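Participant: Kindly generate the corresponding structure for this input.
(3 chains)
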Amino acid sequence: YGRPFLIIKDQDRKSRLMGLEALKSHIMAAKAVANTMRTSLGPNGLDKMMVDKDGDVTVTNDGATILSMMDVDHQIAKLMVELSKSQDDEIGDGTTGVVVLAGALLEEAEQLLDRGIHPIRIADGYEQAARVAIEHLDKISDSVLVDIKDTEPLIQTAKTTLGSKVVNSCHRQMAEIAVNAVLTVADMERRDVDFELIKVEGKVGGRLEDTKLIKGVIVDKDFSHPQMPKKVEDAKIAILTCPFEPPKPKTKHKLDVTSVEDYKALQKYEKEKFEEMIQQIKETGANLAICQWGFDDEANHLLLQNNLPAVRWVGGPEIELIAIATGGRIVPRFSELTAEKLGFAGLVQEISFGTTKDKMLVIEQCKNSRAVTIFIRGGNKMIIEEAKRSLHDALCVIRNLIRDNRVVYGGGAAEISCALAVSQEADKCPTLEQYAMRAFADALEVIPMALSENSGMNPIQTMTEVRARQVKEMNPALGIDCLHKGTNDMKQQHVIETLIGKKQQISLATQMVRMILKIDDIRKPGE
Amino acid sequence: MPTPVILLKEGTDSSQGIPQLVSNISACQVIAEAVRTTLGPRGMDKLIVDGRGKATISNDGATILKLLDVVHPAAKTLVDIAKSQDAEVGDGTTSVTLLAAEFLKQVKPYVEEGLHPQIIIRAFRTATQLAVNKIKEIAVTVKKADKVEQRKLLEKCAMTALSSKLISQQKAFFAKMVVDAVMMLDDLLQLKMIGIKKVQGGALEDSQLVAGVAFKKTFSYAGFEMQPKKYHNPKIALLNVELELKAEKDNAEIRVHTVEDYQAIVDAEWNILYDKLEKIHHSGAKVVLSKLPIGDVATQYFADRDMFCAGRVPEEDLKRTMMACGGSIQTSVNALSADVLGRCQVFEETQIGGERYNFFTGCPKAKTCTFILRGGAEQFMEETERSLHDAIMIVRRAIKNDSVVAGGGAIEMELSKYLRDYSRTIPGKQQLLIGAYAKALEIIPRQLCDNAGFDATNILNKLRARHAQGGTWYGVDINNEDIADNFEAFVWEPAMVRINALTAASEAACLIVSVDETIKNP
Amino acid sequence: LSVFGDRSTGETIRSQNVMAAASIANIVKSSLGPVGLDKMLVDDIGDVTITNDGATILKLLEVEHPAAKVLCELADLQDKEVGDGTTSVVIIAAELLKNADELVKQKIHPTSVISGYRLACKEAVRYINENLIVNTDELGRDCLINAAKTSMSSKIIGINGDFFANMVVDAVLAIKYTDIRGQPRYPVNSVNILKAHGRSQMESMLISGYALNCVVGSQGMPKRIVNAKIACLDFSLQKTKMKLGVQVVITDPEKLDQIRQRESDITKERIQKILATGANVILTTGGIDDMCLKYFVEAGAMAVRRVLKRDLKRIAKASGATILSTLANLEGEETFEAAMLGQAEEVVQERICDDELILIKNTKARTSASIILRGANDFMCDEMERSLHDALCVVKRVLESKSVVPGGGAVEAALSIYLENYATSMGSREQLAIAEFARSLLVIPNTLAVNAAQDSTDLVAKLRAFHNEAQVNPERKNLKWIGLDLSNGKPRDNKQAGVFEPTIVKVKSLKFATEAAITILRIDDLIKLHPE
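Facilitator: Numbering: from 1, shown residues only, chains lettered A, B, ... in the order given. Please find the structure below.
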């Protein structure tokens, strides 16, 4: 009969929203995320600045970072954050608008739910629309497979993808930087590239234009002994992991000196071993050495005595970058070190880069190096980090192009044509999925609208003109004149984008929002 | 000042009789409503977040009930039934719970009448036994028939079971992958072999089935990027023993007078590791995996001599690998011989979503595969994994038992008709209980249509009318929004699922109704 | 988006309303039928109140949820209209709501259910009027006793039911009243009920007249008058005020004494005018002063003060005296007329439970009826007076409407199957509502049996079987029957057994239950507001 009973503990504070009310709430939250993100899209777009929990700051445009640093609590906000993270570390930029697609789509989905359409059919229709969109997209794809050695279709692509980040100041230069780096480290026989071979490194100071790729490796240590010469012309390199110390077998061990002569022999051995290792490294024919670990000061001197500059306390990854750059090996003893394993380079020179701070080390290796580094300079720590993220995304997009050598002119023309194809199919749709089709088309229509909005133009006059042109002509090469140039031919404008980019973007967004529609009931425990 | 002596502890709650029982029934119904929406080709999933803030979406009802930590006792039985069916046959755990709750729902009005519960449970047992026998009679095999491929039933079974979870529109794809995969599982048949790999990112249409083993793991040592990462026709060496300078081997103090002997000692240690490495190389293999960490120096030597290596690999994936390439895991490097050396068609390690994976596949004689499961949502990872687990275990049951029945609730409708007709034969109190049994049982199509937003009364009425005479396997069709021969429409579910469902629900009703009062202790 | 409270919609609130209705039902489910077991309420402070009449329980039980308040008000109205069935009507409402929801709980559109319910009620009342039994041929006192003692079980007094029914029928026949000139209306609550703990109801006595819960004003004044001189007087008896504002100002002191003198002599002459008529009994709701008391003693008349207005109005109606708010005439002079007097054979104050109460026996003008209760405690006495009030109500219904219904649930026994058959006629979806109406209405026998603690399904099935047989072979003069019992736990013929209920009970009950179901079922959302 009538009496309260416990079903789930904390029964008072286990709240619950169910059904259409829940759905509308979710769509409101997603739209809030979309509005927060909208302004970050497009070269005319505006970026965000985040405040870390620990009071740190960060200015950025990369939507993945935007959501990552966010402290959201509503769950679907977390889902969008993870969305952007996945999309980015799969592709790169585009997160500049992926969640935008999500939000606009969910908005129009709510438009449909208001007419009482059951969500599942909406999901199914959206899936069909996505398939149609991608197949039309890759029909209308251009390709860079037929291209000559891909120098500046790649340069154009980088130019495009950097039109969104503040590093655009000299973005030409950084475009050449990115393309040269990836082309150097690419494994064309494999169609991949490991970014571990790419050494991102930004040191604050100087101009932004000063940022320069170095066909080599840059190491955050100075010379082991300050007196050693700053420059070296030859680069006979030794790479060692055994510290320049009397060897100690790391099994729990220690000697038991007893006699006068015992101690005297040990004392002799102490310097004899240093002399032995010095003779070893010298007879190897090396000129410069690098050690993983610390030095005994005594060997530090004796090394100085033989014109063999060296570096102390070098972290691993940096070390192997040295090895691959110089073509040398990593030797665990002095005894097994020989000339063949020695590393070689063109020029090694310490740089007192900072006007008043400690120094850096650069290796201007001159032969081919499967590894390379980028050295970023500028006036702000925040600008340094932003350059790091931007250049990383540029490298990602060129890698993706290596994975697939066919792209699409950007500027919104692509998805414009996609929407038109969707509308064309919507007439042979039949029933209720028809509303799903036209729905998805109108929702997808958002990206041109957002671009124009950030352009300050009347968005819709522009987009209607765009549709009219792309209908009267057959060129799917007409987007939005983001930078106010009287040609909507982004192909001439060179505003281009990888097929993989948009394709993955739209498919991922479709699946994400499909699940978003897939949910009805939520049970939040009160905090 | 004396006081009366209590019987039990202060605050020992007690509640006896018809109110207690009806309260339990209502609680079971409440549990049902938390899952009622879930099942259906147009069905539903829930999102539940813990007190720790970790989100978790689910469509499989058993997972949800696990998340809904139930305090009320009677409902704990229902959730346990959820675990049972999850371990047994898969989806319909949802359906299991609905059957249980609806049985109780139909019985409760008669419980308002002072009927001794044992009569009810006797009727329940008899009805369930008869129902199981009827199902087994109307079970359908295919190996007697002519137009079945040994997999087509399995493919359609996956087709049916899948199309309620989060991947429903990729069923034509995932069914093929899962059937071909489970075909490799023979004959161990246990799930531990095929792992599931929740790679971040990518569209799940890009999710990969590899006839081999992959790793979401590695670990950076010195040279790991130096060595070549292609090996076209390699030999796989599998070391459990670590490779490092007495790092965690036997603990020993050593004593040495002569300095030269101390030199010899350190030399001999490094000679230990060099001896192990020489054994490895002279073995002729090029790929080495280790549960235990790998010395950097050994990595350097593999790099110099163009062998690939990796350390700290999780043990389960190592077992997968050794079962794949046929090699046997080794702990003694010395006893090594070519026999225990696994071989693979080709070895690789290629980026997927920023993560560093390892590949080796194409082994013609490999009884275990793995799923690289692309997907842009971390939550998709768990949900897709749950759906896939259901698919794999159900198709395993199907391979074990060549018995199939129609889906779409048609089985339940047939049982309803059969039981109702049988009820006429037995006079007395049993007749009403059998009738209530059927009336509860018919629920499945009703929930289906409700989640489909139809007039399930028209559907139910046409269902009963057509299903009195016209054919066994007529049932709900979601897209055509009315009856269809779902069997020809290929909505095919293993009989075992429904059989176990009915049995569990029956004994659940027995258990719940066999309770009169409850005792609570602080 | 409303402050100070959330809202609930759809399934949640529907289930909540059903849950509350079921709670309220179970509150009273154990107090109906000749084996009903009464309720009692430790109030908060020990002033307990034993009662089985449902409406009393609901009124004395605080309620907060809306739909439950609706049901409570329905019970109160039913009591205001019948007197029993608060035993039943609440249960009927709750059960109909339960099954209607169970239909809706699936999907079924509520307004369709409402229309089906409306049809069900109309069909049911029509079928009852085809199922009626007329008492005119039957012996009056016989069926009156039957209906009474039928109501008397499920109550404290059912055992003495025979004696109590005898007393009740005597009282009600003695309270005949000629109405609008064409109606012999019988006023309920006209009979007077007084409770007096002490002896048993065995010794509880019927008064062929009217009884007062008052006392003699002056102990010296006499106790018993064998003469009928009874005058009523609303006009109070004090040495009068100036009664509005009239200040008395003295410029000649010689007259203050005479002023004070008449200040009482006015009342003195009024009293003397009253008594010179020869009236020996006076009653007055207003105050009575000692001045008047001593005068009365010297006259030896009868005086009573602070009598309730209704009681003295009944006195006037019985004795034929005239209520007099004052003394006056068509001419200004204040006079009094013997024609204003009422009569009764003998008036006595008597000591029952060491408390003197005033009796009036055999008013010649119009026969009156009063009943004295005797019992152990005040609890049993006032619960039995509630019971008796219900008794008089139902007997009044029987007399007013010469029509009776076989008791013991024959009503829904027939109704279930008849509506079941009629359902197929509609052909729409609403016959589902019809069938659920019937099945739910079948609750009364179920509750009867469970409170009687036997196999309820078997009794119900046997009942349905008998009635279905009564709907086969239309030669039903030897195939139409009616009946159900509990004491022997098997069916019978209540018509032979005398178990009868008044028709209006079931009729108004079903109608109000239908209205309640319509009201509550149409709900689909509550919106709460935390107070100011």
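Participant: Just to check, residue A:463 is in contact with residue A:451?
Facilitator: No. With contacts counted by C-beta atoms under 8 Å, residue A:463 stays clear of residue A:451, the gap being 9.0 Å. Backbone N, C-alpha and C define where each C-beta goes, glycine included.
Participant: what touches both of those two?
Facilitator: Here residue A:463 and residue A:451 have residue A:480 as joint contacts, going by C-beta atoms under 8 Å, 6 or more residues apart in numbering or on different chains.
Participant: who has more neighbours, the two?
Facilitator: residue A:451 (26 against 21; other C-beta atoms under 10 Å in any protein chain shown).
Participant: Which strands and helices lie in contact with the helix or strand that contains that one?
Facilitator: Applying DSSP states H and E as the criterion places residue A:451 in helix A:446-455. Helix A:446-455 sits against helix A:19-38, helix A:98-114, helix A:413-426, helix A:459-472, with contacts defined as 3 or more C-beta pairs under 8 Å, 6 or more residues apart in numbering or on different chains; DSSP states H and E.
Participant: Can you add distance to chain C and give these back as TSV?
Facilitator: Output for the helices and strands packed on helix A:446-455, formatted as TSV (distance: least, C-beta to the nearest C-beta, whole Å):
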stretch	distance to chain C
helix A:19-38	7
helix A:98-114	16
helix A:413-426	32
helix A:459-472	31
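Participant: In a markdown table: those, plus distance to residue A:2.
Facilitator: Shown next, in a markdown table, are those (distance: least, C-beta to C-beta, whole Å):
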| stretch | distance to residue A:2 |
| --- | --- |
| helix A:19-38 | 26 |
| helix A:98-114 | 36 |
| helix A:413-426 | 54 |
| helix A:459-472 | 58 |
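Participant: out of those, nearest to residue B:311?
Facilitator: Nearest of the helices and strands packed on helix A:446-455 to residue B:311, taken as C-beta to C-beta: helix A:98-114 at 36.5 Å.
Participant: which residues are contacting that closest one?
Facilitator: With contact meaning C-beta under 8 Å, 6+ apart, helix A:98-114 is reached by A:20, A:23-24, A:26-27, A:30-31, A:33-35, A:37-38, A:41, A:63, A:67, A:80, A:83-84, A:87, A:119, A:122, A:126, A:435-436, A:439-440, A:442-444, A:446-447, A:450, A:505-506, A:508-509, A:512-513, A:516-517.
Participant: Am I right that residue B:2 sits in a helix?
Facilitator: No. The assignment for residue B:2, made by DSSP: H, G, I helix; E, B strand; the rest coil, is coil rather than a helix.
Participant: coming back round to it: can you tell me which of the contacts of helix A:98-114 are buried?
Facilitator: For the contacts of helix A:98-114, a burial check counting by 16 or more other C-beta atoms under 10 Å in any protein chain shown picks out A:23, A:26-27, A:30-31, A:33-34, A:37-38, A:41, A:63, A:67, A:80, A:83-84, A:87, A:119, A:122, A:126, A:435-436, A:439-440, A:442-444, A:446-447, A:450, A:505-506, A:508-509, A:512-513, A:516-517.
Participant: Secondary structure element for residue A:370, which one?
Facilitator: Per DSSP H and E: nothing holds residue A:370, as it lies in no helix or strand.
Participant: if I pick the closest residue to residue C:127 other than its chain neighbours, what's in contact with it?
Facilitator: Of all residues not flanking residue C:127 in the chain, residue C:418 sits nearest, at 5.3 Å (C-beta to C-beta, 6 or more residues apart in numbering or on different chains). Neighbouring residues of residue C:418 by C-beta under 8 Å, 6+ apart: C:123, C:127, C:471.
Participant: who touches the last one in this structure?
Facilitator: Under the criterion of C-beta under 8 Å, 6+ apart, the contact list for residue C:471 reads C:417, C:418, C:421.
Participant: which ones are touching the last one?
Facilitator: Okay, so that is residue C:421. Contacts for residue C:421 (C-beta under 8 Å, 6+ apart) come out as residue C:471.
Participant: what comes into contact with stretch B:351-363?
Facilitator: Applying C-beta under 8 Å, 6+ apart, the contact partners of stretch B:351-363 are A:86, A:89-90, A:192, A:194, B:199-202, B:210-216, B:218, B:234, B:236, B:287, B:310, B:321, B:324-326, B:343-350, B:372, B:374.
Participant: tell me which parts of chain B are close to chain C?
Facilitator: Residues of chain B found near chain C (C-beta under 8 Å from any C-beta of the partner chain) are B:19, B:33, B:110, B:112-115, B:429, B:432, B:446, B:450, B:455-457.
Participant: Buried subset of these as a ChimeraX selection?
Facilitator: The buried residues among the residues of chain B next to chain C can be selected in ChimeraX (16+ other C-beta under 10 Å) with this line:
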select /B:110,112,113,114,115,429,432,446,450,456,457
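Participant: Farthest pair within the residues of chain B next to chain C?
Facilitator: Farthest pair in those, by C-beta to C-beta: B:114 and B:455, 37.2 Å.
Participant: I'd like to know how many residues surround residue 132.
Facilitator: Since no chain was named, I'll use chain A. Applying other C-beta under 10 Å, we find 19 residues neighbouring residue A:132.
Participant: nope, chain C please
Facilitator: Number of residues near residue C:132 (other C-beta under 10 Å) recorded here: 11.
Participant: same deal with residue C:247?
Facilitator: 5.
Participant: likewise residue C:207?
Facilitator: The burial count for residue C:207: 20, using other C-beta under 10 Å.
Participant: Now residue A:6: closest residue in space, sequence neighbours ignored.
Facilitator: Closest residue to residue A:6 apart from its sequence neighbours, by C-beta to C-beta, 6+ apart: residue B:71 at 5.0 Å.
Participant: My read is that the one you found contacts residue A:7, right?
Facilitator: Yes. Taking contacts as C-beta under 8 Å, residue B:71 lies within contact range of residue A:7: 6.7 Å.
Participant: more crowded one of these two?
Facilitator: Using other C-beta under 10 Å, the more surrounded residue of residue B:71 and residue A:7 is residue A:7, with 17 against 14.
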